[PDB]
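Student: Below are the structure tokens for one structure; questions will follow.
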Amino acid sequence: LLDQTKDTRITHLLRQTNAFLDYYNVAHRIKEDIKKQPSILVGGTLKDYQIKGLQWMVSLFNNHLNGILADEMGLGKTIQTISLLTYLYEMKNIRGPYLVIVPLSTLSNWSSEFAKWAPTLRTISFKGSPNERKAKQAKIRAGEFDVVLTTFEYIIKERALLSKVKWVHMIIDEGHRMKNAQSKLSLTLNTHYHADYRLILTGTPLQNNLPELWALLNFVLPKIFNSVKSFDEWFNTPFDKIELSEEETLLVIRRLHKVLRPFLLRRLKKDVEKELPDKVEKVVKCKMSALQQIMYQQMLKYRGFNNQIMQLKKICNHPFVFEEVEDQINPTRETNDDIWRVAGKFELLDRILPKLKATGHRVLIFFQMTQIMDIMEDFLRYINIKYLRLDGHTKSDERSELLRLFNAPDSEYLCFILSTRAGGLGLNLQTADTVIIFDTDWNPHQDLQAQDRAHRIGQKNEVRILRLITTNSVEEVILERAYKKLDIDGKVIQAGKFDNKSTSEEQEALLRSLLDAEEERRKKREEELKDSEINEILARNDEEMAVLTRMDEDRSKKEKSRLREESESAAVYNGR
Amino acid sequence: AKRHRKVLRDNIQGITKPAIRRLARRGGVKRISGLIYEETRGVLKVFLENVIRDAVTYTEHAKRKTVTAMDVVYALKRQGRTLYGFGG
Amino acid sequence: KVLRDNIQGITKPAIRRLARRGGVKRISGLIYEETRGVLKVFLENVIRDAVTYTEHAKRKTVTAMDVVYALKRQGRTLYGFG
Amino acid sequence: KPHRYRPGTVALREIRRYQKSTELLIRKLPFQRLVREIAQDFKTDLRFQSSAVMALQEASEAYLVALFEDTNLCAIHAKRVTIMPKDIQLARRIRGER
Amino acid sequence: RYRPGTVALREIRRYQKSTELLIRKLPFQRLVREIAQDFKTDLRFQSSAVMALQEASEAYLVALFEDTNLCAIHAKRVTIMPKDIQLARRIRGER
Amino acid sequence: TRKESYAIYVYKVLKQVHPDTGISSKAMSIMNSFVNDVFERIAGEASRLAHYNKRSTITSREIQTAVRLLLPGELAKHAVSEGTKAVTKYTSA
Amino acid sequence: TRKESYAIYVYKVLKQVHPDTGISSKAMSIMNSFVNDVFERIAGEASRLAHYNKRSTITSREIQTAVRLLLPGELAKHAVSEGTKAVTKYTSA
Amino acid sequence: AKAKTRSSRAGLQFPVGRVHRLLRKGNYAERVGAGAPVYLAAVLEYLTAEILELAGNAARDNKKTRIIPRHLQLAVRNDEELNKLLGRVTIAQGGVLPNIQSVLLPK
Amino acid sequence: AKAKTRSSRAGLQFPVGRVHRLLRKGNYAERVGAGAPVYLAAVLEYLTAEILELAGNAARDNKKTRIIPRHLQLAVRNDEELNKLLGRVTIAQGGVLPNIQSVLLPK
DNA sequence: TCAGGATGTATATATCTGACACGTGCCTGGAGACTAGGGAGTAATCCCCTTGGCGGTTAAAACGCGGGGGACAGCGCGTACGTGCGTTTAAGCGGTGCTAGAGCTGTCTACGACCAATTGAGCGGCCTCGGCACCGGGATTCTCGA
DNA sequence: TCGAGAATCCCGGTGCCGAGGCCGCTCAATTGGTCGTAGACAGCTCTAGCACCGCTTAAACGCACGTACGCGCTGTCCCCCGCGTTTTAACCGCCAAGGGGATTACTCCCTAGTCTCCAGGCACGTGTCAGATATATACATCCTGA
Ligand SMILES: Nc1ncnc2c1ncn2[C@@H]1O[C@H](COP(=O)(O)OP(=O)(O)O)[C@@H](O)[C@H]1O
Ligand code: BEF
Ligand SMILES: [Mg+2]
């Protein structure tokens, strides 16, 4: 049907190659591979993956072609950029001017791998007040430098300057941040004049709905920018499961793979190592308290606006996020024993903390913003387990400073708070272990985005992940919809996982086995309070099962209970 | 403070001493007494209640949940102060 | 028959009485002429509106209804005369 | 010596007296001749009903009473018990009549 | 340092010169929403409506400060006082 | 020529509120002009509300909203109460 | 849905008075609300004049008197002049 | 059948029929509903009943059994809400509420 | 025959037909004459021509070839008669005429 | 009175963009043509309310004349507000995710316009009679010089 | 703190013209029927409104300090009030002429209404320049000292 895109877009590949300046051959026609690193790279270990990926992107370079990196995480996009420029322009020596743009969450990091992992290529950053910039682009106003390392909004404010000069090869990170082409960032990147070579780095493709596949491949490529309105009906594959999966899923998705092979590149951690300790992913469940649970039927019965979604997420996390509720509960608002006795998250939290500090293993936790992190700070300060804090409104100084404060292995603090949106891209850690997520992924790409910050190349520990959810609430329905979406892109990105070298048999292997997984969760579609069950998560060996029995003579043995006037009064004040 | 915010001054206080100061500078006022601010906030609250009750009345009559620009224009013209440029 | 100096027919004690009713305690000697000017302006307005109504109806007589429609026309409603 | 009231007492007694009754404070014939003179400049040879002249007298007297109320408010705001022309034209300037 | 009263006049010319809106959006919008809560709960506002209330409110306060300035100057004082405001609102008939 | 007025009706209401009190003719004229005034106000506001919402029929709802616009506060509340009761009893029987 | 306005007409008159000068969209909206305002004023006064004199037809005379009521002084004189000339030329040809 | 007045159905003393006629011939809208004259007549009855109530109270306070325009002036202006409604009204033969500014009184 | 617009007969740029429709459906009177839309449209043309004339003069004085609401504020308030007509109007984005009381200026 | 500096304000050139001016397909409202009928114009008559005059009464206005209190100028004190600087802090702008209700359509039906028949509520003319204006006298109260 | 005394309230008596009830006499309000149609209700689309956070930076806030002006006090003088006397024009009551409002009878022609036909104007695009912004440079003005 559309194979006019097959032959016509192959001849169109000739159009990019010659006219602009098996898909495994005609698109890749200029060939090379080298398993030796560029001579500029210093202080690093050479694995197999960034070789094939290295000369793969170099194969995109020689042919004058763009690309996207579809890989999992931890494969060192930074390494491929460093070795990229240092190898390429170790040969040609042009070496600049070249632009790289990254999230502000990690900026001085990228400069830190621009420090130890290679010298001789300078960097222009942008941070802080306009004064330091005045020094920087006032000195370099004449345009002499190897590389500019900048961030998002500084091409929006500094687009009046840095877009005047000519550019060649730009590096933009986290394509999910790019997302829509209607956003001002996109249409203002056309105000940026032109840079011949391009690229996009991402830890995961776009939203499950995927109308913006347009926007993506428009900013990524000359291919489809002619006809904007085309593929919206051709997206019907994702939205008689055998026959509908066949026509829709099998037809349209076979077409998507047929077209999209020589662009995205994805691998795994088990492919490069197998040192990944487990699947390292679990979940848990929790209970509620009647005094809080009445807010479900009463406050859901209030039906003022937008609360029905906002009300339940808070009350299962904190009652105290509401000002009037926290005021009527206690006037004194001093640190109290009943702060952690109002919900079950703090009860089981007070259950795990003695075993957390006991085992000596640390924990990462993700949160909602504003009052949630504040109250969690109040609890971790209440039982006095020291913690770092991080979030969107903090400066870059203590952003990098706190990042360095983590890197000390002598650390006496185990847990600490980090923002899903702000800090999910904010760190790169080989030494972490345990992860916890309250928010339950309003987008799955954010939870899997910040999720991989635990398991990393050279992980000497064993990762365990926990999703803390309470029963009889809207949040486990949000988890329902969450892995519903994980299936929605499960026909897209989990279809995109077998595409690296354009294999053959593995796609139907993941169709039969993975299809048994989506059928398994078709069964899934339609307690742990005792010490042993909670011991099972963090044990990972019998040795930890034995050493956690020392915490059973207090939490259980112990030489009040969880649970009215606050319910009636709460109903009075919340009736506004 | 840092543990719990308690940073809320409500709203009508969100109209700032420099704001009212600027509104007086436009009117031709040279020097301002220190007590003008509370009275100005009171007057502003009065006028806003008077206009908003009418706009909400026109909104409820049409059986709509959205307060549009035409409702506010008909409330201002309703009270004798005509406004142009937003429709009418 | 040209009529002139009839606004002087308004007497100093008259305006004085109006101020006594208005709550004024002591009156300056310069209030009078100004008050006559203001009253003359007001009467020019109301009378030009009423006479306009009378001209539109092709009538030679100015009815009290025309005066009421002129006052209500200016925004001051007068009850009791129709 | 002939008994005389302290200045300002007769004025207050007149305030209570005239504020007590409904009496019209302007004499008919002069006001009527004034209305006719003012009406001569618009259309000549006009007829006036008595109730019309009475209407203009009601509206005029009430308007001047209110004007002297606001003028009194201005004079008292100036810390003076004597109204002045600048108080009148001030009130007419704030009302928006000029 | 400038003599007191010069900066005030330069501000008078500056703000009387331009059309700029003198009240910040978000605080005024939250105020409008708070005042509207007491009438009907869960209301939706268009941006042009809030802009309308800002236009009418700012213009009304500018006129009020003009008449208040007239009162203060009539009192032989260059400093407006609350009694000048409530005097102007008393003469206009708003109270 | 017969010129109708509200005189006898204001008289009846007066005899309901104060059976022992009479009313002068001039005060009756003031009451007449008052009833005509308020009538023209409510009818005018009803016409405006009917025109802005694009409807050709004046119903009790437009008169109700007009009363709520014109009459401040308790006059509006008690007025809407009495009127709603009157339409209620009217259509009920 | 087609919402008509006076925009193109104010544009034509602007090109008659000042051929070299353009107008912003916001100023065009202000002119539109102005024309609608004055229109509703003259039409309302014409309705009142037609009702008080007991006539069911609005003619050029009622519009003329309404213009003489609303527009002060020279605006009324020149307005009545231009309008009378327009009706003259209209019915003459 | 014997015709019963619509004013007697709703229990109103005012001419619902006359109000209906005035709404039809008043050039207000093109069509008039069936509840408009009843509701409007009721509102007018409430307002008239209130103003005549205050007028009767003032007349009783002045030791006069016949209401005069002075009693309407006092009855209105002494009430806050009716003063807010009628603030633009000039009542014939009304007079002025007795008032003296406290600063003008001797001491 | 070829239909000729009534606006072109009287020499008016405004839609005499549209004004006639608005007078018919505006619930003003029951019947509308044949001279009302022509005369009224002419009056509106005079007013619009004047206000746009003053606005153009102010725009030319400010060295701007595009009329802005500020030029309407100045063009109106600087004229006496249009200020008397529009005195109750609040123009959006209008601003205020530059003014300082002579007593406030230094000496 | 008059020169020098620092700040804000105006002017000249470059540049860069988002709102404005113009062309286009289309469709619904405006123009033409024809007809009926009822409202407005127009002649004729009736009467009542306006205008004009005159004369007698007298409350009210004009004119003057003391004098006491308030408007107004001057002067001095103290404190409250302008002004500038370092420090926070939310406003502004952007960007994501959801979905409630604005906006339009399509039926379909109760509801109001309209005309014929009928009659009783309200009104104009017409009678009482009593609540209130007016007055005359006495008791009481509030103002002013001892 | 108190009497002389001038103004005011109170009470009893008297005369009158408007309030209040009655009675024909309509003509508009009520009832009974139709007939077309505005909007009530259900359904569908999809736009803008809602919440929230990230991130930067112009504005607000707190504070130190000076001096400009608000306000209290005093003295001066002038001018407006309280009262007596004198004059005049309002007022009331009556009488008379008449013309302009009010109505009714007759007629005609201007506009509502409907049908037919088409182009003036409107949403949607396209290009494109007026001016808003930025940099550089010079003039107006205040504040200081001389
Ligand atoms: N050969 C290697 N030896 C040691 N560490 C490595 C090696 N390759 C990658 N890493 C680790 O990977 C991290 C960089 O990965 P990163 O650029 O964050 O990947 P991505 O950008 O795909 O998430 C570094 O912190 C580094 O410690
Ligand atoms: F290396 Be991943 F971007 F934490
Ligand atoms: Mg990365």
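Chains: A, B, ... in order of the structure tokens. Residues: from 1 per chain. Ligands: from 1, in order shown.
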Could you tell me which residues of chain E sit within 10 Å of chain K when counting only C-alpha atoms (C1' of nucleotides), and give me the result as a list in words?
Tutor: residues 1, 2, 3, 4, 5, 6, 44, 45, 46, 47, 77, 78 and 79 of chain E
Student: Select residues of chain G: the criterion is any atom within 12 Å of an atom of chain J, counting only C-alpha atoms (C1' of nucleotides); output as a list in words.
Tutor: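 Output check: residues 1, 2, 4, 11, 21, 22, 23, 24, 25, 26, 28, 54, 55, 56, 57, 58 and 59 of chain G.
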Student: Got a sec to tell me which of chain C DSSP assigns to alpha helix (DSSP H), as number ranges by chain?
Tutor: C: 12-22, 31-56, 64-74
Student: Export, as a PDB file, in the first residue's frame, the selected residues with C-alpha atoms.
Tutor:
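To be explicit, this is the file written out as again_37.pdb:
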ATOM      1  CA  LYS C  12     -30.907  86.962  48.507  1.00  0.00           C
ATOM      2  CA  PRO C  13     -33.296  85.809  51.290  1.00  0.00           C
ATOM      3  CA  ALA C  14     -34.572  83.040  48.992  1.00  0.00           C
ATOM      4  CA  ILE C  15     -31.156  81.470  48.337  1.00  0.00           C
ATOM      5  CA  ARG C  16     -30.416  82.117  52.009  1.00  0.00           C
ATOM      6  CA  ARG C  17     -33.458  80.009  52.936  1.00  0.00           C
ATOM      7  CA  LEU C  18     -32.417  77.246  50.534  1.00  0.00           C
ATOM      8  CA  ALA C  19     -29.047  77.112  52.285  1.00  0.00           C
ATOM      9  CA  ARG C  20     -30.732  77.152  55.703  1.00  0.00           C
ATOM     10  CA  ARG C  21     -32.651  74.050  54.639  1.00  0.00           C
ATOM     11  CA  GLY C  22     -29.546  72.476  53.106  1.00  0.00           C
ATOM     12  CA  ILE C  31     -22.439  82.495  47.084  1.00  0.00           C
ATOM     13  CA  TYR C  32     -25.417  84.320  45.585  1.00  0.00           C
ATOM     14  CA  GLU C  33     -24.334  85.239  42.040  1.00  0.00           C
ATOM     15  CA  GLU C  34     -22.695  81.833  41.556  1.00  0.00           C
ATOM     16  CA  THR C  35     -25.880  80.086  42.694  1.00  0.00           C
ATOM     17  CA  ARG C  36     -27.834  82.163  40.177  1.00  0.00           C
ATOM     18  CA  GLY C  37     -25.451  81.068  37.426  1.00  0.00           C
ATOM     19  CA  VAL C  38     -25.759  77.392  38.360  1.00  0.00           C
ATOM     20  CA  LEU C  39     -29.554  77.592  38.546  1.00  0.00           C
ATOM     21  CA  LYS C  40     -29.633  79.306  35.150  1.00  0.00           C
ATOM     22  CA  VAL C  41     -27.519  76.532  33.610  1.00  0.00           C
ATOM     23  CA  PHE C  42     -29.747  73.810  35.079  1.00  0.00           C
ATOM     24  CA  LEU C  43     -32.879  75.545  33.802  1.00  0.00           C
ATOM     25  CA  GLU C  44     -31.300  75.952  30.357  1.00  0.00           C
ATOM     26  CA  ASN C  45     -30.704  72.194  30.192  1.00  0.00           C
ATOM     27  CA  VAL C  46     -34.087  71.023  31.500  1.00  0.00           C
ATOM     28  CA  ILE C  47     -35.968  73.635  29.474  1.00  0.00           C
ATOM     29  CA  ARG C  48     -34.152  72.811  26.236  1.00  0.00           C
ATOM     30  CA  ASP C  49     -35.052  69.140  26.692  1.00  0.00           C
ATOM     31  CA  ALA C  50     -38.695  69.886  27.534  1.00  0.00           C
ATOM     32  CA  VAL C  51     -39.049  72.411  24.701  1.00  0.00           C
ATOM     33  CA  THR C  52     -37.474  69.815  22.409  1.00  0.00           C
ATOM     34  CA  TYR C  53     -40.194  67.337  23.400  1.00  0.00           C
ATOM     35  CA  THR C  54     -42.840  70.014  22.832  1.00  0.00           C
ATOM     36  CA  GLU C  55     -41.437  70.830  19.385  1.00  0.00           C
ATOM     37  CA  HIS C  56     -41.484  67.154  18.408  1.00  0.00           C
ATOM     38  CA  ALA C  64     -45.788  68.876  32.893  1.00  0.00           C
ATOM     39  CA  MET C  65     -45.291  65.452  31.300  1.00  0.00           C
ATOM     40  CA  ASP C  66     -42.640  66.960  29.024  1.00  0.00           C
ATOM     41  CA  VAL C  67     -40.813  68.343  32.064  1.00  0.00           C
ATOM     42  CA  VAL C  68     -41.023  64.948  33.777  1.00  0.00           C
ATOM     43  CA  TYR C  69     -39.594  63.257  30.680  1.00  0.00           C
ATOM     44  CA  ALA C  70     -36.807  65.854  30.591  1.00  0.00           C
ATOM     45  CA  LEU C  71     -35.874  65.317  34.241  1.00  0.00           C
ATOM     46  CA  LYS C  72     -36.056  61.531  33.909  1.00  0.00           C
ATOM     47  CA  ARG C  73     -34.130  62.107  30.679  1.00  0.00           C
ATOM     48  CA  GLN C  74     -31.311  63.731  32.667  1.00  0.00           C
TER      49      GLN C  74
END
Student: Residues within 10 Å of ligand 3, counting only C-alpha atoms (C1' of nucleotides) and all ligand atoms: report them as a PyMOL selection string.
Tutor: chain A and resi 73-78+102-103+106+110+173-174+201-203+425-428+449
Student: When you look at residue 93 in chain J with a cut-off of 12 Å (counting only C-alpha atoms (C1' of nucleotides)), what residues show up, excluding the ones that are within fewer than 6 positions of it in the same chain? I need them as number ranges by chain.
Tutor: A: 153, 156-157, 184; K: 54-57
Student: Go ahead and save the picked residues with N, CA, C and O atoms (P, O5', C5', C4', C3', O3' and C1' of nucleotides), as a PDB file, in the first residue's frame.
Tutor:
ATOM      1  N   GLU A 153      15.934  27.419  28.231  1.00  0.00           N
ATOM      2  CA  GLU A 153      15.407  28.773  28.086  1.00  0.00           C
ATOM      3  C   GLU A 153      16.470  29.794  27.694  1.00  0.00           C
ATOM      4  O   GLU A 153      16.113  30.914  27.311  1.00  0.00           O
ATOM      5  N   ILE A 156      16.068  30.757  24.324  1.00  0.00           N
ATOM      6  CA  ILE A 156      14.893  31.607  24.178  1.00  0.00           C
ATOM      7  C   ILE A 156      15.229  33.055  24.519  1.00  0.00           C
ATOM      8  O   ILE A 156      14.816  33.982  23.815  1.00  0.00           O
ATOM      9  N   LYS A 157      15.970  33.278  25.608  1.00  0.00           N
ATOM     10  CA  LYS A 157      16.416  34.634  25.914  1.00  0.00           C
ATOM     11  C   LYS A 157      17.650  35.015  25.106  1.00  0.00           C
ATOM     12  O   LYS A 157      17.754  36.148  24.625  1.00  0.00           O
ATOM     13  N   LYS A 184       6.684  26.738  22.106  1.00  0.00           N
ATOM     14  CA  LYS A 184       7.503  27.860  21.658  1.00  0.00           C
ATOM     15  C   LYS A 184       8.943  27.442  21.392  1.00  0.00           C
ATOM     16  O   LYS A 184       9.584  27.984  20.485  1.00  0.00           O
TER      17      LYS A 184
ATOM     18  P    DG K  54       9.352  20.834  40.050  1.00  0.00           P
ATOM     19  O5'  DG K  54      10.188  21.105  38.718  1.00  0.00           O
ATOM     20  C5'  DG K  54       9.698  22.028  37.762  1.00  0.00           C
ATOM     21  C4'  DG K  54      10.774  22.402  36.765  1.00  0.00           C
ATOM     22  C3'  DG K  54      12.037  22.971  37.376  1.00  0.00           C
ATOM     23  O3'  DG K  54      13.109  22.868  36.450  1.00  0.00           O
ATOM     24  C1'  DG K  54      10.727  24.710  36.416  1.00  0.00           C
ATOM     25  P    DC K  55      14.572  23.400  36.842  1.00  0.00           P
ATOM     26  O5'  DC K  55      14.545  24.943  36.422  1.00  0.00           O
ATOM     27  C5'  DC K  55      14.236  25.306  35.084  1.00  0.00           C
ATOM     28  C4'  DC K  55      14.290  26.813  34.907  1.00  0.00           C
ATOM     29  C3'  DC K  55      15.299  27.535  35.807  1.00  0.00           C
ATOM     30  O3'  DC K  55      16.079  28.436  35.031  1.00  0.00           O
ATOM     31  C1'  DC K  55      13.183  28.554  35.970  1.00  0.00           C
ATOM     32  P    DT K  56      17.357  29.183  35.662  1.00  0.00           P
ATOM     33  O5'  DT K  56      17.042  30.726  35.408  1.00  0.00           O
ATOM     34  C5'  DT K  56      16.752  31.168  34.091  1.00  0.00           C
ATOM     35  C4'  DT K  56      16.012  32.491  34.106  1.00  0.00           C
ATOM     36  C3'  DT K  56      16.759  33.648  34.770  1.00  0.00           C
ATOM     37  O3'  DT K  56      16.655  34.798  33.954  1.00  0.00           O
ATOM     38  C1'  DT K  56      14.607  33.437  35.705  1.00  0.00           C
ATOM     39  P    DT K  57      17.746  35.971  34.057  1.00  0.00           P
ATOM     40  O5'  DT K  57      16.897  37.223  34.566  1.00  0.00           O
ATOM     41  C5'  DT K  57      15.591  37.448  34.048  1.00  0.00           C
ATOM     42  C4'  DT K  57      14.811  38.390  34.944  1.00  0.00           C
ATOM     43  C3'  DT K  57      15.652  39.459  35.639  1.00  0.00           C
ATOM     44  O3'  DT K  57      14.920  40.669  35.701  1.00  0.00           O
ATOM     45  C1'  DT K  57      14.493  38.222  37.249  1.00  0.00           C
TER      46       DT K  57
END
Student: Which residues of chain D have any atom within 8 Å of an atom in chain E when counting only C-alpha atoms, and what is the closest pair of atoms for each, with the distance in Å to one decimal? Order the rows by chain and rising number and write it as a Markdown table.
Tutor:
| residue | atom | partner | partner_atom | distance |
| --- | --- | --- | --- | --- |
| D:70 | CA | E:91 | CA | 6.0 |
| D:73 | CA | E:87 | CA | 8.0 |
| D:77 | CA | E:75 | CA | 7.5 |
| D:78 | CA | E:75 | CA | 5.4 |
| D:91 | CA | E:91 | CA | 7.2 |
| D:94 | CA | E:67 | CA | 6.1 |
| D:95 | CA | E:92 | CA | 5.6 |
Student: For N, CA, C and O atoms, I'd like the residues from the last selection saved as a PDB file, in the first residue's frame.
Tutor:
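Saved as part06.pdb:
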ATOM      1  N   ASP D  70     -23.932  69.228  49.726  1.00  0.00           N
ATOM      2  CA  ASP D  70     -22.575  68.823  49.370  1.00  0.00           C
ATOM      3  C   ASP D  70     -21.590  69.973  49.550  1.00  0.00           C
ATOM      4  O   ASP D  70     -20.457  69.767  50.003  1.00  0.00           O
ATOM      5  N   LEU D  73     -20.706  70.078  53.025  1.00  0.00           N
ATOM      6  CA  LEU D  73     -19.729  69.035  53.320  1.00  0.00           C
ATOM      7  C   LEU D  73     -18.321  69.472  52.937  1.00  0.00           C
ATOM      8  O   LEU D  73     -17.354  69.181  53.653  1.00  0.00           O
ATOM      9  N   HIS D  77     -15.295  70.161  55.476  1.00  0.00           N
ATOM     10  CA  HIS D  77     -14.041  69.446  55.263  1.00  0.00           C
ATOM     11  C   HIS D  77     -12.849  70.394  55.267  1.00  0.00           C
ATOM     12  O   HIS D  77     -11.731  69.984  55.599  1.00  0.00           O
ATOM     13  N   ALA D  78     -13.065  71.657  54.911  1.00  0.00           N
ATOM     14  CA  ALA D  78     -11.997  72.647  54.923  1.00  0.00           C
ATOM     15  C   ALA D  78     -11.777  73.257  56.300  1.00  0.00           C
ATOM     16  O   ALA D  78     -10.963  74.179  56.425  1.00  0.00           O
ATOM     17  N   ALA D  91     -17.773  71.135  44.380  1.00  0.00           N
ATOM     18  CA  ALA D  91     -18.771  70.070  44.382  1.00  0.00           C
ATOM     19  C   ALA D  91     -19.263  69.776  42.972  1.00  0.00           C
ATOM     20  O   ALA D  91     -19.401  68.610  42.584  1.00  0.00           O
ATOM     21  N   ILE D  94     -16.589  67.755  41.234  1.00  0.00           N
ATOM     22  CA  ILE D  94     -16.471  66.356  41.629  1.00  0.00           C
ATOM     23  C   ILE D  94     -17.661  65.549  41.124  1.00  0.00           C
ATOM     24  O   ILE D  94     -17.508  64.394  40.712  1.00  0.00           O
ATOM     25  N   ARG D  95     -18.860  66.138  41.137  1.00  0.00           N
ATOM     26  CA  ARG D  95     -20.031  65.439  40.618  1.00  0.00           C
ATOM     27  C   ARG D  95     -19.917  65.134  39.132  1.00  0.00           C
ATOM     28  O   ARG D  95     -20.634  64.259  38.634  1.00  0.00           O
TER      29      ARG D  95
END
